[PDB]
Structure formats: C-alpha cells, structure tokens
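Listing of model-v1.txt; format and content: compact mmCIF, C-alpha atoms.
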```txt
# COMPACT_ATOMS: atom_id res chain seq x y z
CA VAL A 1065 -7.63 -2.84 -21.76
CA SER A 1066 -4.83 -0.67 -20.40
CA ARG A 1067 -1.30 0.38 -21.38
CA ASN A 1068 -1.75 -0.84 -24.97
CA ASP A 1069 -1.21 1.50 -27.92
CA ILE A 1070 -4.88 2.00 -28.79
CA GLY A 1071 -5.81 5.19 -30.61
CA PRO A 1072 -6.93 7.71 -31.51
CA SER A 1073 -10.62 7.05 -30.82
CA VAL A 1074 -12.57 3.97 -29.75
CA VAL A 1075 -15.98 3.85 -31.44
CA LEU A 1076 -18.41 1.02 -30.78
CA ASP A 1077 -21.17 -0.37 -32.96
CA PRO A 1078 -24.73 0.50 -31.86
CA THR A 1079 -25.94 -3.04 -32.58
CA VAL A 1080 -23.86 -4.33 -29.64
CA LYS A 1081 -25.81 -4.00 -26.38
CA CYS A 1082 -23.71 -5.01 -23.36
CA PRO A 1083 -25.81 -4.31 -20.24
CA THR A 1084 -23.63 -6.56 -18.06
CA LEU A 1085 -20.43 -4.48 -18.29
CA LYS A 1086 -19.82 -2.90 -14.88
CA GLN A 1087 -16.16 -1.79 -15.14
CA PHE A 1088 -14.24 -0.38 -18.07
CA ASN A 1089 -10.57 0.57 -17.97
CA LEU A 1090 -8.87 2.25 -20.92
CA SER A 1091 -6.03 4.05 -19.18
CA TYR A 1092 -2.60 4.91 -20.62
CA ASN A 1093 -3.51 4.19 -24.25
CA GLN A 1094 -3.11 6.75 -27.04
CA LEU A 1095 -6.78 7.77 -26.88
CA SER A 1096 -7.60 11.26 -28.15
CA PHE A 1097 -11.36 11.22 -27.43
CA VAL A 1098 -13.88 9.84 -25.00
CA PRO A 1099 -15.13 6.54 -26.52
CA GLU A 1100 -18.04 7.32 -28.81
CA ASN A 1101 -21.41 5.54 -28.48
CA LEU A 1102 -20.75 4.72 -24.83
CA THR A 1103 -24.40 5.28 -23.87
CA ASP A 1104 -26.45 2.76 -25.84
CA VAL A 1105 -23.72 0.09 -25.79
CA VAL A 1106 -22.50 0.08 -22.19
CA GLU A 1107 -25.82 1.05 -20.63
CA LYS A 1108 -25.00 0.34 -16.96
CA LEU A 1109 -21.36 1.22 -16.28
CA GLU A 1110 -19.96 1.70 -12.77
CA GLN A 1111 -16.30 2.76 -12.96
CA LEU A 1112 -14.90 4.38 -16.11
CA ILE A 1113 -11.13 5.00 -16.17
CA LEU A 1114 -9.57 7.05 -18.98
CA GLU A 1115 -6.43 8.10 -17.09
CA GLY A 1116 -3.17 8.91 -18.85
CA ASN A 1117 -4.60 9.15 -22.38
CA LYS A 1118 -4.02 12.30 -24.44
CA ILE A 1119 -7.60 13.59 -24.51
CA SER A 1120 -7.95 16.94 -26.26
CA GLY A 1121 -11.22 18.01 -24.66
CA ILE A 1122 -14.76 16.95 -23.81
CA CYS A 1123 -17.54 17.82 -26.25
CA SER A 1124 -20.32 15.27 -25.86
CA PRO A 1125 -22.32 14.77 -22.65
CA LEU A 1126 -22.13 11.42 -20.92
CA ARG A 1127 -25.45 9.62 -20.52
CA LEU A 1128 -24.47 6.76 -18.17
CA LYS A 1129 -27.34 6.66 -15.67
CA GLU A 1130 -25.32 4.36 -13.38
CA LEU A 1131 -21.77 5.80 -13.37
CA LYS A 1132 -20.06 5.80 -9.98
CA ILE A 1133 -16.35 6.55 -10.52
CA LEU A 1134 -15.17 8.75 -13.39
CA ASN A 1135 -11.45 9.26 -13.88
CA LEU A 1136 -9.77 11.61 -16.36
CA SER A 1137 -6.44 12.18 -14.61
CA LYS A 1138 -3.18 12.94 -16.46
CA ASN A 1139 -4.70 14.32 -19.65
CA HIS A 1140 -4.62 17.50 -21.75
CA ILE A 1141 -8.16 18.61 -20.86
CA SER A 1142 -8.43 22.39 -20.52
CA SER A 1143 -12.11 23.37 -20.83
CA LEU A 1144 -14.92 21.12 -19.61
CA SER A 1145 -18.43 21.28 -21.03
CA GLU A 1146 -21.17 22.93 -18.99
CA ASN A 1147 -23.35 19.82 -19.17
CA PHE A 1148 -21.22 16.71 -19.77
CA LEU A 1149 -21.95 15.36 -16.27
CA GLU A 1150 -25.57 16.46 -15.82
CA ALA A 1151 -26.92 13.13 -17.12
CA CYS A 1152 -24.95 11.09 -14.56
CA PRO A 1153 -26.80 11.60 -11.26
CA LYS A 1154 -24.92 8.82 -9.40
CA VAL A 1155 -21.27 9.90 -9.84
CA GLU A 1156 -19.37 9.61 -6.56
CA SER A 1157 -15.58 9.80 -7.12
CA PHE A 1158 -14.46 12.18 -9.88
CA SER A 1159 -10.74 12.67 -10.51
CA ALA A 1160 -9.19 15.11 -12.99
CA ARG A 1161 -5.56 15.30 -11.84
CA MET A 1162 -2.73 16.67 -14.02
CA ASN A 1163 -4.86 18.67 -16.42
CA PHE A 1164 -5.23 22.24 -17.71
CA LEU A 1165 -8.62 22.82 -16.08
CA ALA A 1166 -9.74 26.32 -15.17
CA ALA A 1167 -13.45 26.15 -14.28
CA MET A 1168 -15.59 23.38 -12.82
CA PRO A 1169 -19.11 23.11 -14.29
CA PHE A 1170 -22.29 21.94 -12.57
CA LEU A 1171 -21.82 18.58 -10.85
CA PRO A 1172 -24.46 16.12 -9.61
CA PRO A 1173 -25.24 16.56 -5.91
CA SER A 1174 -24.32 12.94 -5.13
CA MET A 1175 -20.61 13.61 -5.70
CA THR A 1176 -18.81 12.72 -2.46
CA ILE A 1177 -15.07 12.48 -3.20
CA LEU A 1178 -13.49 14.92 -5.63
CA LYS A 1179 -9.76 15.14 -6.41
CA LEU A 1180 -8.58 17.84 -8.83
CA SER A 1181 -4.98 18.45 -7.80
CA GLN A 1182 -2.37 19.98 -10.18
CA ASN A 1183 -4.63 21.61 -12.80
CA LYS A 1184 -4.68 25.40 -13.37
CA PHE A 1185 -7.25 26.56 -10.81
CA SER A 1186 -7.02 30.26 -9.95
CA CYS A 1187 -9.80 30.17 -7.33
CA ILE A 1188 -12.25 27.64 -5.88
CA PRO A 1189 -15.12 27.18 -8.37
CA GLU A 1190 -18.59 28.23 -7.25
CA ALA A 1191 -19.95 24.86 -8.43
CA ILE A 1192 -17.90 22.86 -5.90
CA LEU A 1193 -18.85 24.79 -2.72
CA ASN A 1194 -22.50 23.73 -3.02
CA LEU A 1195 -22.27 19.93 -3.04
CA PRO A 1196 -24.57 18.68 -0.24
CA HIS A 1197 -22.39 15.64 0.56
CA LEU A 1198 -18.73 16.53 -0.08
CA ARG A 1199 -16.65 14.21 2.09
CA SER A 1200 -13.17 14.57 0.59
CA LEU A 1201 -11.64 17.33 -1.51
CA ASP A 1202 -8.11 17.64 -2.89
CA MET A 1203 -7.04 20.84 -4.67
CA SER A 1204 -3.32 20.61 -3.95
CA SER A 1205 -0.65 22.18 -6.17
CA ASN A 1206 -3.07 24.68 -7.72
CA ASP A 1207 -2.88 28.47 -7.39
CA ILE A 1208 -5.61 29.23 -4.84
CA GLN A 1209 -5.53 32.82 -3.59
CA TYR A 1210 -8.03 32.64 -0.71
CA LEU A 1211 -10.21 29.72 0.25
CA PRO A 1212 -13.63 30.82 1.55
CA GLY A 1213 -14.55 30.44 5.20
CA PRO A 1214 -16.61 27.53 6.54
CA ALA A 1215 -19.89 29.46 6.38
CA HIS A 1216 -19.73 29.61 2.57
CA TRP A 1217 -19.39 25.85 2.11
CA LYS A 1218 -22.63 23.86 2.11
CA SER A 1219 -21.47 20.29 2.73
CA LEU A 1220 -21.51 19.00 6.31
CA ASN A 1221 -19.52 15.74 6.11
CA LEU A 1222 -16.28 17.51 5.10
CA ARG A 1223 -13.67 15.01 6.29
CA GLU A 1224 -10.56 15.83 4.21
CA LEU A 1225 -9.25 19.11 2.76
CA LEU A 1226 -5.95 19.05 0.86
CA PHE A 1227 -4.63 22.43 -0.32
CA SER A 1228 -0.84 22.11 -0.21
CA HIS A 1229 1.47 24.06 -2.55
CA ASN A 1230 -1.06 26.88 -2.99
CA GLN A 1231 -0.68 30.65 -2.63
CA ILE A 1232 -3.10 30.84 0.30
CA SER A 1233 -2.51 33.88 2.51
CA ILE A 1234 -4.91 33.99 5.48
CA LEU A 1235 -6.84 30.95 6.69
CA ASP A 1236 -10.31 32.19 7.67
CA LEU A 1237 -11.97 30.34 10.55
CA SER A 1238 -13.72 33.09 12.53
CA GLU A 1239 -17.25 32.65 11.15
CA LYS A 1240 -19.13 29.50 12.26
CA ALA A 1241 -16.07 27.24 12.29
CA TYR A 1242 -18.11 24.58 14.15
CA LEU A 1243 -19.34 23.41 10.73
CA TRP A 1244 -15.95 21.81 10.01
CA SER A 1245 -16.05 19.93 13.35
CA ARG A 1246 -15.97 16.59 11.49
CA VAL A 1247 -12.80 17.40 9.51
CA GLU A 1248 -10.40 14.48 9.99
CA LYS A 1249 -7.52 15.91 7.92
CA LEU A 1250 -6.40 19.34 6.74
CA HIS A 1251 -3.20 20.23 4.88
CA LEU A 1252 -1.80 23.68 4.13
CA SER A 1253 1.88 22.92 3.46
CA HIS A 1254 3.96 25.27 1.28
CA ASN A 1255 1.54 28.20 1.52
CA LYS A 1256 1.80 31.88 2.46
CA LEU A 1257 0.14 31.43 5.85
CA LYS A 1258 1.06 34.16 8.34
CA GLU A 1259 -0.79 33.12 11.50
CA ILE A 1260 -2.84 30.07 12.48
CA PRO A 1261 -6.27 31.22 13.72
CA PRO A 1262 -6.91 30.80 17.45
CA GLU A 1263 -10.33 29.26 16.73
CA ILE A 1264 -8.49 26.19 15.34
CA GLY A 1265 -9.37 24.55 18.67
CA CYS A 1266 -12.98 24.27 17.52
CA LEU A 1267 -12.03 21.76 14.78
CA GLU A 1268 -11.77 19.23 17.60
CA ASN A 1269 -11.56 16.10 15.43
CA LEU A 1270 -8.38 16.79 13.43
CA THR A 1271 -6.03 13.81 13.20
CA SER A 1272 -3.47 15.24 10.77
CA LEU A 1273 -2.56 18.87 10.17
CA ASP A 1274 0.36 19.85 7.95
CA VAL A 1275 1.27 23.53 8.28
CA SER A 1276 4.99 23.05 7.57
CA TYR A 1277 6.97 25.03 4.98
CA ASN A 1278 5.30 28.36 5.78
CA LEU A 1279 8.27 30.65 6.40
CA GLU A 1280 6.02 33.59 7.31
CA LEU A 1281 4.55 31.56 10.19
CA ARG A 1282 6.14 32.30 13.56
CA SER A 1283 4.29 30.65 16.44
CA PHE A 1284 1.42 28.27 17.08
CA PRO A 1285 -1.68 29.58 18.87
CA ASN A 1286 -2.31 28.36 22.39
CA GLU A 1287 -5.88 27.07 21.82
CA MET A 1288 -4.47 24.45 19.39
CA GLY A 1289 -3.83 22.32 22.51
CA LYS A 1290 -7.50 21.27 22.56
CA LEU A 1291 -7.12 19.15 19.39
CA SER A 1292 -6.43 16.05 21.49
CA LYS A 1293 -7.00 13.70 18.52
CA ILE A 1294 -4.03 14.92 16.44
CA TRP A 1295 -1.34 12.30 15.85
CA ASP A 1296 0.55 13.74 12.85
CA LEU A 1297 1.95 17.28 12.76
CA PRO A 1298 5.09 17.68 10.64
CA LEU A 1299 7.22 20.74 11.38
CA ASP A 1300 9.86 20.32 8.67
CA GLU A 1301 11.54 23.61 7.69
CA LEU A 1302 9.45 25.67 10.14
CA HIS A 1303 11.40 28.30 12.10
CA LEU A 1304 8.97 28.37 15.00
CA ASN A 1305 9.28 31.23 17.49
CA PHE A 1306 8.30 29.36 20.66
CA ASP A 1307 11.03 26.85 21.43
CA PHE A 1308 10.12 23.17 21.10
CA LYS A 1309 13.57 21.66 20.44
CA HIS A 1310 13.58 20.30 24.00
CA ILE A 1311 10.23 18.65 23.23
CA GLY A 1312 11.60 17.11 20.04
CA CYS A 1313 9.27 16.10 17.22
CA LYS A 1314 6.41 14.18 18.87
CA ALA A 1315 3.03 15.67 17.98
CA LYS A 1316 0.91 14.56 20.95
CA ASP A 1317 3.58 15.90 23.32
CA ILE A 1318 3.37 19.29 21.58
CA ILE A 1319 -0.42 19.27 21.90
CA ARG A 1320 -0.27 18.37 25.60
CA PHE A 1321 2.32 21.13 26.16
CA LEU A 1322 0.07 23.73 24.52
CA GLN A 1323 -2.86 22.33 26.53
CA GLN A 1324 -0.96 22.98 29.75
CA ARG A 1325 -0.13 26.46 28.44
CA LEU A 1326 -3.89 27.13 28.24
CA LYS A 1327 -4.51 26.73 31.98
CA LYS A 1328 -1.66 28.96 33.18
CA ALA A 1329 1.44 30.45 31.56
CA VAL A 1330 4.21 32.53 33.13
```
Would you give me this structure, written as structure tokens?
Amino acid sequence: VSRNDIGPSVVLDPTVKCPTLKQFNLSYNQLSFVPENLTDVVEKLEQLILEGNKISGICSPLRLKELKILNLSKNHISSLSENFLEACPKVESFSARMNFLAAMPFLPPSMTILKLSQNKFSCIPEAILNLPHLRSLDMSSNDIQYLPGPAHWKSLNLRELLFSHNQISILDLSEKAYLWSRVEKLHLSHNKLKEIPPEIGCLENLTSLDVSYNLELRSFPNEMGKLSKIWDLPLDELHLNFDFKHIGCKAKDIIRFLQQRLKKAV
C-alpha cells in the first residue's frame, strides 16, 4: 500500500492476528506516525518500509522479533529513541536517509548494512563504531569533522565506506590500517583532504576510490601503485601536481605508472 493518501496514523485492531505477513510497504503516504499495534498483529515481519511519509518522531519501541530491513528514509525524524530498536535483534539493513537525525542510539549487533546519508550528523556516533559485522556504511552529505582511524572501528568485514560531501580534513590510516584490508570501496569526494596517506597501499583490495573535488589536494602518493585491483578513480576537477595529462583518464594505467615509480624514479 504505497503512494496513496493514507493518513495520519494507521492503527490496527488487536483481534486481527496475521502471522503470515512477511513484507509491509507503506511508503509515500501521508503517515504521521509509525503504525500502532504492529507487534501483536504482524508478529513475524521481515521488511518494513515507511519511506517518504511525514513522520514526526519515534516514541514507541518496535517489538518485531523477526525484522530484517527497516526503512525510514525521507522523513522529518530528528531525535530517535534510546531503545526503539533493542527488541529487534535480527535487523540487517537500516536506512534513515533525508532526515534531521543527530545521534544514533544502541543498535542490535546483527546490523550489517547501514545507510544514513543526508541527515544532520556532526560526528560519527559511538554506537555505530562497535557493530561486530558492519559490511557497508554510507554517511555521505553529512558534516563529519574527522572520521576515526581503523583501530577504533570494531567491525572486520568493512567492505564499503561512503563519506562524500563531508568536511573531513585529514584521513587517518597510520595505526593498524591492515584492518580495512577487505574494503572494496571508499569515497571521499568533495572533502577538505590535504594529502592522501602513503599507507593507502595497505588497503590492497580497493576497487573504487573517489578522491576528486578536493582542491587542497596536490599529488598522489607513490605507494598507491600497489592497489592493483582499482578500476575506477575519477579525477574530475582535481588540479593534480604531478602531470598525468599524457596518461589521460584511465585508472589502471595511472596505477601501473605509480607502480613503476615505486621501483625507481629520476
């Protein structure tokens, strides 16, 4: 039930027990609340989608023991409850795009993919750095001052980190950067980066790296040539010091060139 003009709140009768409902879409309606009595009615729900509705704010804790994909993107949520996701120990993909969020409360450890781009995040919340299995993370278009180094993060399967359009100053990779070895994508476009760390060669499994639109950046480090798996490296609006106009725009050629620079340079 999507894109209809349903509102302001959907309340269900407790005498209706629907244990066979395993998807529930309510996006783009005129909802102004999470549907009441969602626990005892839809007892085993997999993927709840309340995108696009005009939700004022969460007050009651979910109780869905079987939730797997929660979605609250494009809403007017500003403050999230400290406990509204503690009774959902199977949540995997949580999305809260286009909101007014400021702080992320305690999340179940089974959360793997988490996408919270465009809200009002001033710094990475302490409750997101401690997820044991955090595969993907997207915090683009926030205002992140400094993301912590790899030693502070606890997850090991980190395989995507999106932080474009953020006021990040200095990428820290000195301390135990071998943790991030499995990172398969990393974006830092439109940031205040001054210099790419030389230890970037340790993140040997990168396939895409977007460091474009960083005017303060001048030149790539040599050791970057060891990232033989890269196939996408946009350089749009990047006044690079070392000349690569003769190379052109191919990424693998750039990486091979830097690789040759490693062995001997004159």
Residues within 10 Å of residue 1287 in chain A, all atoms listed in the file, excluding chain neighbours under 6 positions, as a ChimeraX atom specification: /A:1261-1266,1319,1322-1323,1325-1326
Top pick for closest residue to residue 1318 in chain A, considering A:1067, A:1289, A:1304, A:1084 and counting only C-alpha atoms: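 Among the listed residues, A:1289 lies closest to residue 1318 in chain A.
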Residues within 7 Å of residue 1245 in chain A, only C-alpha atoms, excluding chain neighbours under 5 positions, as a PyMOL selection string: chain A and resi 1266-1269
Pick from A:1163, A:1124, A:1091, A:1206, whichever lies nearest to residue 1146 in chain A using all atoms listed in the file: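 Of the candidates, the smallest distance to residue 1146 in chain A is held by A:1124.
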CA of residue 1215 in chain A to CA of residue 1296 in chain A, straight-line distance in Å: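 Those two atoms sit 26.6 Å apart.
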